[PDB]
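Notes follow once the structure below has been shown.
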Amino acid sequence: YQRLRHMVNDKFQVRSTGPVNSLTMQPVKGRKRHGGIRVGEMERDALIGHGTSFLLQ
Amino acid sequence: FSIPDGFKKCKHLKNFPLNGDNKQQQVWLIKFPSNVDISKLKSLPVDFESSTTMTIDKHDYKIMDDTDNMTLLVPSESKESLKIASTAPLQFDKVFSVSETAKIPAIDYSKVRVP
Amino acid sequence: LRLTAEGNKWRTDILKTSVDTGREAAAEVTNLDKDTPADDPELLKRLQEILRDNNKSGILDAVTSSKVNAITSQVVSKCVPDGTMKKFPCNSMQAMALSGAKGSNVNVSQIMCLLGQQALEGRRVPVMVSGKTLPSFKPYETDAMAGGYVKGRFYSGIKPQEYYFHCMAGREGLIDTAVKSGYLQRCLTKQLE
Amino acid sequence: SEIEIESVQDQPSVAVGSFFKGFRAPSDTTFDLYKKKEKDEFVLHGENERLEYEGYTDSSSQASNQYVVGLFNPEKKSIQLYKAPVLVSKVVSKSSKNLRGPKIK
Amino acid sequence: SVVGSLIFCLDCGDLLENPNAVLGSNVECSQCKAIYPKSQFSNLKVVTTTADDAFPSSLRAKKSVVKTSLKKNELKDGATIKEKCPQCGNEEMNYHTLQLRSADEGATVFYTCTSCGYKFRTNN
Amino acid sequence: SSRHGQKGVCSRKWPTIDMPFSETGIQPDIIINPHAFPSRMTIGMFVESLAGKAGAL
Amino acid sequence: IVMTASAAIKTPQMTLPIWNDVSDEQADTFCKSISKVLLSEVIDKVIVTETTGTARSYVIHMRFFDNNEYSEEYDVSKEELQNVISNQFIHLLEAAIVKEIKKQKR
Amino acid sequence: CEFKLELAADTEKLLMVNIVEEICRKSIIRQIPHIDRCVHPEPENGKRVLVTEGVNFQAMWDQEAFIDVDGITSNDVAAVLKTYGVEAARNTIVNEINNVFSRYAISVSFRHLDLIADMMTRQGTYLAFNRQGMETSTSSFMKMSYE
Amino acid sequence: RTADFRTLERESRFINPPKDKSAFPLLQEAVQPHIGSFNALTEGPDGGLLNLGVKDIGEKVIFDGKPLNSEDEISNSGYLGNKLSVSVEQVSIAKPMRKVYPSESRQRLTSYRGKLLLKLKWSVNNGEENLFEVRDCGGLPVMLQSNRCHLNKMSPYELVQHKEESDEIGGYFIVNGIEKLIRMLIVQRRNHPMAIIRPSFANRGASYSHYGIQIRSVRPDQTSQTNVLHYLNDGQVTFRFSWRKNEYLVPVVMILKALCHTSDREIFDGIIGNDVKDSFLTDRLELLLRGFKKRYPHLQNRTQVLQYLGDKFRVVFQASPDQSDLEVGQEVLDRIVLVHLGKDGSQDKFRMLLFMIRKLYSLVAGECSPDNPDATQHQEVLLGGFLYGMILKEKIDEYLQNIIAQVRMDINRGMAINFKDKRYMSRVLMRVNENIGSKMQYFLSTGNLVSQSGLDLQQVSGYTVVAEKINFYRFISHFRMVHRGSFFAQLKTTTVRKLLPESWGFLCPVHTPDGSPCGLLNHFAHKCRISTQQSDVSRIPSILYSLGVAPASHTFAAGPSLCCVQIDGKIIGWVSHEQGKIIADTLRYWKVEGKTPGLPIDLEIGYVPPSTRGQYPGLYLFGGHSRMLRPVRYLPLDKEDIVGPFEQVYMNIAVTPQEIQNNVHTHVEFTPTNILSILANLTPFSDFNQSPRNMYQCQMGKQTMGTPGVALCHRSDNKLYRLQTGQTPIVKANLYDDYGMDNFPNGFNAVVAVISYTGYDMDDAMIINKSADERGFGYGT
Amino acid sequence: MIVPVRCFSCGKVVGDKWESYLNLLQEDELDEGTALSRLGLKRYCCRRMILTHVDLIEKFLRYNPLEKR
Amino acid sequence: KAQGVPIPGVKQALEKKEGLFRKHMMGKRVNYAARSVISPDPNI
Ligand SMILES: [Zn+2]
Ligand SMILES: [Zn+2]
Ligand SMILES: [Zn+2]
């Protein structure tokens with residue numbers, strides 16, 4: 001057996017309230033910088049899908 | 001012209017028996033490798049078509065014969081140098097080419113193909 | 001993964017008819033009566049005509065494939081499960097395919113019987129300008145193995161010639177996944193939201 | 001069928017020069033042969049009122065191949081062999097030796 | 001030397017102009033002003049045949065010694081596996097193999113019925 | 001991963017008391033699920049298993 | 001369909017439901033009728049004997065397949081072939097040669 | 001068919017074979033407009049049909065003795081819309097999208113397809129899900145967030 | 001009685017690093033195309049590559065206008081003037097040394113730059129007086145374990161004593177502390193006319209067809225120059241080439257008449273052989289000859305053609321202002337048309353050009369099938385060291401251009417002084433950027449190709465990659481990895497990625513990555529070798545002529561109806577197809593036999609038999625650099641034979657000796673393991689695994705936390721992954737020992753049970769024993 | 001690196017049996033199998049522990065930044 | 001619609017890649033969120 005060099009979650013992160021960009025005032029990009037997880041157009045579409053307007057809000 | 005350097009003009013040229021009577025005359029062209037000695041051989045075995053066999057001091061040869069531009073220049077006189085051969089331009093009656101052929105050994109299958 | 005001595009005998013006997021299949025199909029597409037020999041000079045000239053055309057080679061590949069795949073189906077139908085040494089419910093390899101836990105009878109047949117005809121982009125194995133499918137095979141060889149038909153199984157192993165053919169099939173499967181609904185769904189969702 | 005040879009000449013006498021397909025010439029002009037001293041290289045040169053002929057031997061062909069020309073008898077069945085060099089001959093015209101300025105604009 | 005529709009000089013080897021473009025009764029070479037013709041050169045003709053591959057058709061395909069087209073039904077599906085038909089209940093069923101998605105993902109099976117002729121797609 | 005392209009993430013570090021124990025008294029170092037092999041068809045690993053055992057003994 | 005609503009589909013098709021009173025042979029004959037041949041499809045060989053005279057003389061010989069062969073493969077008569085060559089082909093050939101003379105001199 | 005062509009002395013050399021070849025494959029003796037080949041496949045679910053490799057309804061309308069003119073199907077949506085109307089094109093969209101899924105043995109509820117088709121035919125035309133079809137939409141913000 | 005592991009032998013070698021020849025020669029044979037390539041840059045016949053390269057761009061002349069100041073003569077008005085001729089006669093890297101070892105650079109995080117020596121030739125007033133000054137050319141990176149490097153003649157005891165690995169491979173460059181290697185590239189096979197159908201050719205110009213010929217001519221200094229032939233729908237043939245970064249088109253009948261004095265009938269006999277009755281050819285050739293006579297009626301001799309060519313290219317080739325149109329014309333020919341035959345070989349260039357026209361016409365008619373560029377048979381491998389030498393030649397050409405630029409600045413202002421003064425030369429030279437070392441350090445640090453010509457390559461980036469040492473398996477695979485090209489990665493074509501039978505024994509069928517680099521980032525077979533140079537090539541025409549090859553200069557007959565004999569793209573003669581195979585078979589016989597001195601074993605004998613609408617026939621022999629070569633067992637004599645991918649296509653090579661069929665087999669493989677890579681061979685029972693799982697293992701072994709080295713206490717790498725408890729495999733291929741993989745363990749032998757018990761293991765999840773982990777099982781740092 | 005203390009699978013001390021194993025292969029000239037048996041390793045898990053040990057520490061030690069040459 | 005890399009205009013700012021509307025309105029980076037590798041569990 002061979003042990004592969006990659007950590008299982010090297011991309012393991014958690015953010016409550018971290019730093020934000022000046023222009024958008026939205027969570028800044030960067031795991032180590034206490035950055036935010038992006039909720040993209042497809043996740044927006046899925047939240048519209050469930051008819052779950054407060055989850056989208 | 002005069003050029004190139006180290007080249008001397010050919011003054012003496014040996015006689016060529018050219019007549020072209022009629023029981024007729026035949027002009028032959030032969031190709032030979034540098035390895036074989038022409039002055040050593042006093043007899044050349046040759047037959048019609050591509051089929052030929054020759055062996056001169058361990059080395060084996062084959063005389064390829066083909067039916068069918070090259071121009072033959074025959075000396076009329078030693079002082080007249082060289083002139084184009086004609087009867088009525090001239091072409092060779094029979095053209096031959098000596099090719100060195102080597103005998104490739106038969107594969108010893110009983111020794112190489114093993115279960 | 002093992003077949004019984006009885007079951008393995010059936011496998012070798014059905015696969016013994018596959019040697020003729022290669023030349024039989026090659027003689028059918030070429031249109032030659034009494035089934036001409038594999039080394040026939042007119043047949044070899046006729047197969048060359050097929051080699052130079054993409055459509056003609058397609059007719060040859062589809063005919064030979066259907067015929068060798070019929071030999072594959074026969075092996076699988078006979079040997080699995082009536083020829084397997086260990087049988088269901090104890091044969092776990094067989095059990096997982098039948099239960100729907102993991103795998104299918106196709107995977108089971110590649111393991112215990114044969115890999116079959118290695119199909120590349122709907123056709124057989126690619127062939128060189130010389131008429132050779134590999135430097136090991138004869139130019140314009142009328143054999144199923146030369147076309148990519150693997151008689152070997154993963155339990156017994158694949159013959160070096162067979163293994164190279166399998167690799168071509170494997171790589172082709174991988175590239176299509178990498179190369180090939182994001183924009184199609186995005187266009188509908190923005191107009192239907 | 002073994003054919004006998006009467007005489008062999010290792011001295012310059014008769015030569016062969018290839019031009020192109022369909023070469024006639026006036027058939028009254030002369031061709032001056034030259035020699036350089038393992039293997040000897042030959043140079044051919046001719047002159048005419050409107051044309052000029054120039055020939056030479058291939059360096060890669062001379063050291064590797066030895067060409068010979070012979071005359072055959074229909075009754076005696078004997079060949080008289082004479083060594084002949086093959087000269088790659090080109091023909092230059094009156095139109096040649098024409099050129100413009102070394103540097104134009 | 002005359003070849004087909006081409007007329008070449010015997011002295012230099014230059015291609016002589018067409019007898020219709022230049023002045024009548026006499027033709028001359030551009031390199032050396034050589035004396036020509038002989039009127040024995042004759043009205044030159046060239047027999048140019050068609051490519052044979054230039055006209056691809058169903059009839060030209062029927063003129064080929066090898067098979068160029070398959071019959072309406074004379075082409076049977078070779079691959080067959082014992083599987084229960086979800087349509088009604090049949091034993092004989094055709095199949096197809098191809099490795100879709102990533103190198104980690106499994107193989108997809110494409111089933112086909114013989115009684116009706118219904119295609120299928122299921123990985124496991 | 002084994003030398004047969006059978007990679008898997010560490011789901012848990014199972015205790016030896018809770019681990020299945022052999023007749024010999026050995027508990028496996030690594031546990032591979034049998035449902036991995038029917039789809040991958042990595043029979044090289046299967047023969048590697050009985051070869052490695054034979055060579056160890 | 002969904003993304004481009006193309007009026008120029010790659011494989012445009014028509015499904016024609018045939019009656020019961022029309023047989024399998026009749027339907028196949030009908031398929032051929034809709035089926036259409038081209039001058040290329042009936043020609044076997046073309047021999048052009050270019051003779052330069054006076055005047056460039058071009059002897060164009062159209063060697064077709066046998067009359068019964070193309071009539072059974074394309075449903076085309078010899079009369080149908082005559083009209084196309086005498087009205088279309090020669091007018092199209094003359095226009096192509098004139099265009100090639102201009103392109104040579106341009 | 002033999003015919004002689006006489007050209008001027010100034011016309012000189014020309015590649016007649018290549019010129020003839022190109023015009024022969026350009027010359028039509030026959031062909032029904034917009035149709036290339038008509039084939040006879042195996043009867044689809046018991047229905048006796050003929051599959052055409054082209055679209056021209058008005059031409060097939062003349063073959064009433066062979067074809068049932070009230071059942072002549074076509075995959076080309078725009079061609080169906082032009083001759084038979086918006087509701088016919090709408091029915092072609094739901095059938096054609098279904099053919100794409102049924103081939104890969106994927107079942108999609110017709111409630112979805114009917115909605116998609118109704119949205120494409122909302123303007124009485126054949127609109128696609130793209131910048132062009134979207135032009136006729138009230139929300140400029142929806143449009144701005146598309147492209 | 002077994003295929004055991006060396007335990008006693010291993011541990012003794014671990015303590016005692018050999019003082020003699022290093023163990024595992026296959027490991028050094030793996031980096032053989034890398035080290036060898038860089039070795040040929042200075043060592044070998046004709047002083048390596050650079051000396052030849054400087055000669056090609058040997059002189060640059062800049063003239064500043066001045067009055068001649070002589071007596072009454074029109075020469076004063078014409079004063080081109082006096083030429084401050086400049087030249088370079090020799091360039092040589094001295095060393096990267098006060099000797100300095102490679103290891104110091106790694107700790108120091110600085111480039112292991114070697115000092116360059118560049119001496120000039122300054123000639124003025126037609127070179128009456130010339131002064132040569134040896135000047136620093138700047139600093140350039142030097143490959144480790146190369147001739148320039150001090151470790152070239154080193155040993156394993158000695159390597160450990162110099163803080164390196166006992167069996168250190170090399171092949172890479174230490175640049176700013178980062179080990180970077182030049183990636184090998186798949187490029188068109190040198191000196192071979194290729195008939196290709198491309199729709200790209202049509203969309204460029206007016207009435208352009210798909211048909212065309214492409215030959216990649218290579219200079220002895222390894223720089224390439226591609227010449228393309230185009231068949232226009234008019235019946236015209238055009239010659240395409242590239243200078244600077246622009247394409248240029250010239251009529252083929254013009255480039256033919258410039259090479260040597262010939263008649264229109266000499267061109268006719270040269271292309272059309274005894275097949276004079278072929279109406280297709282009779283018309284096409286008339287279009288060419290009449291077209292040239294119509295367009296250029298004034299060009300009636302070789303000199304006029306050269307002058308017309310010189311007049312139109314005097315600006316682009318920059319050859320001015322004293323160089324005549326005859327000189328510039330010849331300069332164009334010598335630098336562009338079929339450069340593989342080189343200068344003083346215009347007769348050879350003429351013969352090869354006629355052959356390309358006949359091949360082009362055979363492709364249009366259909367007599368010849370198009371050659372596939374994506375296939376392994378019609379390609380070679382551009383080695384790193386050769387690429388390094390090419391860009392070096394480019395930088396020294398730029399260096400000379402800069403000297404002239406400084407003189408042009410000087411003469412266009414203050415005027416300063418004369419060229420005969422050494423003081424002025426020394427003043428110009430220190431005002432010019434001579435740091436070529438930094439320019440070469442940039443290429444090895446960015447992979448970006450900055451060039452005035454752009455070489456004969458399509459891409460401009462990614463020529464260099466970090467020699468990633470995360471584990472030895474990934475590290476050794478880098479030096480066996482070959483890429484088709486970065487340009488090919490951005491294409492919708494799948495034919496390029498397709499594994500082909502032409503790759504058998506050259507390109508590994510298993511070892512290719514998953515996803516985007518699939519079928520593009522290939523790996524060579526473990527027994528595959530790449531040509532570093534050529535020898536005895538000059539003695540082979542003598543052997544061929546003796547075997548019945550009729551000389552091309554006397555024969556005058558061409559076409560697919562007859563066999564064409566060529567040696568490294570040099571058409572030497574003509575023979576029949578029957579005799580063509582006889583020569584090809586008899587050559588191979590005297591090749592394997594150590595009795596013949598003029599015939600080398602590494603020679604490629606590419607015979608192409610005649611076929612019905614198949615490949616263009618001929619006897620295309622090869623001996624040159626970059627060729628793909630592999631060993632096989634030749635059935636008669638039972639001896640080793642070296643085979644290339646071009647000749648293999650028509651060759652019948654059995655896999656196992658039991659599969660040898662009578663009258664249809666000439667060769668047999670030594671071991672079928674010769675067709676796989678190092679990593680592909682290392683996979684246990686791979687002939688029992690499914691195809692994509694064997695492929696995934698190569699990628700897995702490359703990503704494993706194993707041993708990146710043992711000399712880590714003298715390293716300073718970005719990041720390293722080290723398995724603490726390495727173990728030797730019980731189940732292993734014997735080639736594991738042949739590459740001494742026990743020096744770098746990649747895993748551990750574990751008790752594995754195929755069981756569904758815990759419930760936490762399912763498809764992509766596996767269970768590890770707690771007590772095993774507690775005992776240090778699979779621990780890493 | 002060095003011989004592991006205890007067998008990964010069961011926990012039987014293996015670290016004291018490395019140098020003794022090489023002595024049984026060198027001086028005693030025994031085979032791999034019989035040597036392991038004399039050390040008291042009958043389970044195949046304990047058997048592979050020493051049998052499969054590489055001992056890269058001897059290769060690693062040859063680089064010493066504390067002593068000259 | 002200028003020059004012919006220049007400084008981007010306000011039109012370019014609203015359409016940088018996918019655009020301000022797509023990258024920062026229709027989709028957004030969020031607070032009170034976490035990411036991790038999933039592991040199987042039959043006991044939950
Ligand atoms: Zn003339
Ligand atoms: Zn059914
Ligand atoms: Zn233990």
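Ordered as shown in the structure tokens, chains take letters A, B, and onward, while each chain numbers its residues from 1 and ligands are numbered from 1 in the order shown.
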Using only C-alpha atoms, which residues sit within 8 Å of segment 70-75 of chain E once same-chain residues fewer than 5 positions away are excluded, as a PDB file with N, CA and C atoms, in the first residue's frame?
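Written output follows (around_16.pdb):
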ATOM      1  N   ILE C  59     -17.794  -1.123 -43.047  1.00  0.00           N
ATOM      2  CA  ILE C  59     -18.616  -2.295 -43.397  1.00  0.00           C
ATOM      3  C   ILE C  59     -17.890  -3.563 -42.913  1.00  0.00           C
ATOM      4  N   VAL C  63     -19.280  -5.926 -39.612  1.00  0.00           N
ATOM      5  CA  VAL C  63     -19.609  -7.324 -39.909  1.00  0.00           C
ATOM      6  C   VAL C  63     -18.785  -8.251 -38.997  1.00  0.00           C
TER       7      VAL C  63
ATOM      8  N   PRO H  41     -37.179   2.485 -43.606  1.00  0.00           N
ATOM      9  CA  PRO H  41     -36.669   1.754 -42.434  1.00  0.00           C
ATOM     10  C   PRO H  41     -37.674   0.716 -41.924  1.00  0.00           C
TER      11      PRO H  41
END
Open item on the list: Just want the 9 Å neighbourhood of segment 80-94 of chain E, counted on only C-alpha atoms, with same-chain residues fewer than 6 positions away dropped. Output as a ChimeraX atom specification.
Closed with: /C:69-70,72-74,76-77,105-106 /E:110-115,118
Could you please take those selected residues and save C-alpha atoms as a CSV table (one decimal), in the first residue's frame?
chain,number,residue,atom,x,y,z
C,69,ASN,CA,-19.6,-10.6,-30.4
C,70,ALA,CA,-22.0,-13.5,-31.2
C,72,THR,CA,-18.6,-13.7,-27.0
C,73,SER,CA,-22.4,-13.9,-26.0
C,74,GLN,CA,-22.3,-17.7,-26.5
C,76,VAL,CA,-20.9,-15.9,-21.5
C,77,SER,CA,-24.4,-17.6,-21.8
C,105,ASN,CA,-22.8,-9.5,-15.4
C,106,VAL,CA,-20.8,-7.8,-18.2
E,110,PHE,CA,-26.4,0.4,-23.3
E,111,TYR,CA,-29.1,-2.4,-23.4
E,112,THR,CA,-31.3,-3.1,-26.6
E,113,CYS,CA,-34.4,-5.4,-27.0
E,114,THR,CA,-34.8,-7.9,-29.9
E,115,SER,CA,-38.6,-8.4,-29.7
E,118,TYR,CA,-36.0,-0.5,-27.6
Task: Distance filter 8 Å, only C-alpha atoms, chain J against chain F, as number ranges by chain - done: J: 8-10, 33, 42-45, 47-48, 51
With N, CA and C atoms retained, write the just-selected residues as an mmCIF file, in the first residue's frame.
data_model
loop_
_atom_site.group_PDB
_atom_site.id
_atom_site.type_symbol
_atom_site.label_atom_id
_atom_site.label_comp_id
_atom_site.auth_asym_id
_atom_site.auth_seq_id
_atom_site.Cartn_x
_atom_site.Cartn_y
_atom_site.Cartn_z
ATOM 1 N N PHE J 8 3.436 -3.732 13.340
ATOM 2 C CA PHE J 8 2.273 -2.872 13.068
ATOM 3 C C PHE J 8 0.921 -3.569 13.301
ATOM 4 N N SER J 9 0.815 -4.854 12.922
ATOM 5 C CA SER J 9 -0.416 -5.629 13.013
ATOM 6 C C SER J 9 -0.743 -6.124 14.432
ATOM 7 N N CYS J 10 0.164 -6.882 15.084
ATOM 8 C CA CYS J 10 -0.133 -7.447 16.405
ATOM 9 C C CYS J 10 0.545 -6.693 17.561
ATOM 10 N N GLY J 33 13.637 -17.291 5.032
ATOM 11 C CA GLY J 33 12.592 -17.962 5.801
ATOM 12 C C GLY J 33 13.014 -18.588 7.116
ATOM 13 N N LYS J 42 6.654 -16.320 13.621
ATOM 14 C CA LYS J 42 5.863 -17.352 12.937
ATOM 15 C C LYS J 42 4.646 -16.752 12.195
ATOM 16 N N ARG J 43 4.024 -15.682 12.745
ATOM 17 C CA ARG J 43 2.913 -14.991 12.081
ATOM 18 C C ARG J 43 3.460 -14.296 10.841
ATOM 19 N N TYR J 44 2.729 -14.331 9.704
ATOM 20 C CA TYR J 44 3.240 -13.708 8.480
ATOM 21 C C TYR J 44 3.344 -12.178 8.613
ATOM 22 N N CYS J 45 2.583 -11.574 9.555
ATOM 23 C CA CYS J 45 2.614 -10.135 9.836
ATOM 24 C C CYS J 45 3.954 -9.749 10.464
ATOM 25 N N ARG J 47 6.599 -11.742 10.274
ATOM 26 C CA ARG J 47 7.544 -12.250 9.283
ATOM 27 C C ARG J 47 7.925 -11.148 8.298
ATOM 28 N N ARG J 48 6.924 -10.489 7.665
ATOM 29 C CA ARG J 48 7.155 -9.416 6.690
ATOM 30 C C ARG J 48 7.817 -8.178 7.320
ATOM 31 N N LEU J 51 11.665 -9.004 7.263
ATOM 32 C CA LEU J 51 11.924 -9.488 5.898
ATOM 33 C C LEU J 51 11.853 -8.360 4.851
#
Open item on the list: Env of residue 75 of chain D: 12 Å cut, atoms = only C-alpha atoms, seq-sep filter 2 positions within chain, self excluded. Answer as a list in words.
Closed with: residues 23, 24, 25 and 26 of chain B; 3, 72, 73, 77, 78 and 79 of chain D
Please produce a file of those selected residues containing N, CA, C and O atoms, as a PDB file, in the first residue's frame.
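Printed below is result.pdb as written:
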ATOM      1  N   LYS B  23      25.252 -11.226 -87.895  1.00  0.00           N
ATOM      2  CA  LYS B  23      25.691 -10.526 -89.102  1.00  0.00           C
ATOM      3  C   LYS B  23      25.586  -8.994 -88.933  1.00  0.00           C
ATOM      4  O   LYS B  23      25.687  -8.256 -89.917  1.00  0.00           O
ATOM      5  N   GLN B  24      25.410  -8.522 -87.679  1.00  0.00           N
ATOM      6  CA  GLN B  24      25.287  -7.101 -87.336  1.00  0.00           C
ATOM      7  C   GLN B  24      26.182  -6.737 -86.132  1.00  0.00           C
ATOM      8  O   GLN B  24      26.741  -7.630 -85.489  1.00  0.00           O
ATOM      9  N   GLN B  25      26.324  -5.426 -85.845  1.00  0.00           N
ATOM     10  CA  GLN B  25      27.143  -4.913 -84.737  1.00  0.00           C
ATOM     11  C   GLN B  25      26.295  -4.625 -83.498  1.00  0.00           C
ATOM     12  O   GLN B  25      25.144  -4.198 -83.622  1.00  0.00           O
ATOM     13  N   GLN B  26      26.876  -4.849 -82.303  1.00  0.00           N
ATOM     14  CA  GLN B  26      26.212  -4.632 -81.017  1.00  0.00           C
ATOM     15  C   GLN B  26      27.112  -3.863 -80.040  1.00  0.00           C
ATOM     16  O   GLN B  26      28.280  -4.218 -79.871  1.00  0.00           O
TER      17      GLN B  26
ATOM     18  N   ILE D   3      30.567 -15.906 -71.473  1.00  0.00           N
ATOM     19  CA  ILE D   3      31.077 -15.124 -72.603  1.00  0.00           C
ATOM     20  C   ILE D   3      32.530 -14.719 -72.309  1.00  0.00           C
ATOM     21  O   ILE D   3      32.821 -14.211 -71.225  1.00  0.00           O
ATOM     22  N   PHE D  72      30.299  -6.143 -78.898  1.00  0.00           N
ATOM     23  CA  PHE D  72      29.996  -7.571 -79.000  1.00  0.00           C
ATOM     24  C   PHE D  72      29.963  -8.060 -80.456  1.00  0.00           C
ATOM     25  O   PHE D  72      29.486  -7.349 -81.342  1.00  0.00           O
ATOM     26  N   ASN D  73      30.462  -9.295 -80.677  1.00  0.00           N
ATOM     27  CA  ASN D  73      30.502  -9.968 -81.978  1.00  0.00           C
ATOM     28  C   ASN D  73      29.402 -11.047 -82.043  1.00  0.00           C
ATOM     29  O   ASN D  73      29.268 -11.820 -81.090  1.00  0.00           O
ATOM     30  N   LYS D  77      31.608 -14.333 -80.440  1.00  0.00           N
ATOM     31  CA  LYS D  77      31.079 -14.291 -79.066  1.00  0.00           C
ATOM     32  C   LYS D  77      32.165 -13.786 -78.084  1.00  0.00           C
ATOM     33  O   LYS D  77      32.374 -14.359 -77.009  1.00  0.00           O
ATOM     34  N   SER D  78      32.852 -12.698 -78.477  1.00  0.00           N
ATOM     35  CA  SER D  78      33.916 -12.052 -77.704  1.00  0.00           C
ATOM     36  C   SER D  78      33.662 -10.550 -77.583  1.00  0.00           C
ATOM     37  O   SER D  78      33.234  -9.919 -78.554  1.00  0.00           O
ATOM     38  N   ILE D  79      33.920  -9.981 -76.390  1.00  0.00           N
ATOM     39  CA  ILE D  79      33.700  -8.557 -76.122  1.00  0.00           C
ATOM     40  C   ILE D  79      35.034  -7.847 -75.854  1.00  0.00           C
ATOM     41  O   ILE D  79      35.855  -8.343 -75.080  1.00  0.00           O
TER      42      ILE D  79
END
- [ ] Hey, list the chain K side of the contact with chain H: 9 Å cut-off, only C-alpha atoms, answer as a VMD selection string.
- [x] chain K and resid 15 18 to 22 25 to 26
At a cut-off of 12 Å, can you tabulate as a tab-separated table every residue of chain I near ligand 1 together with its closest atom pair and the distance in Å to one decimal, using only C-alpha atoms and all ligand atoms and ordering rows by chain then number?
residue	atom	partner	partner_atom_place_in_ligand_line	distance
I:263	CA	ligand 1	1 (Zn)	10.2
I:264	CA	ligand 1	1 (Zn)	10.8
I:265	CA	ligand 1	1 (Zn)	11.5
I:300	CA	ligand 1	1 (Zn)	11.7
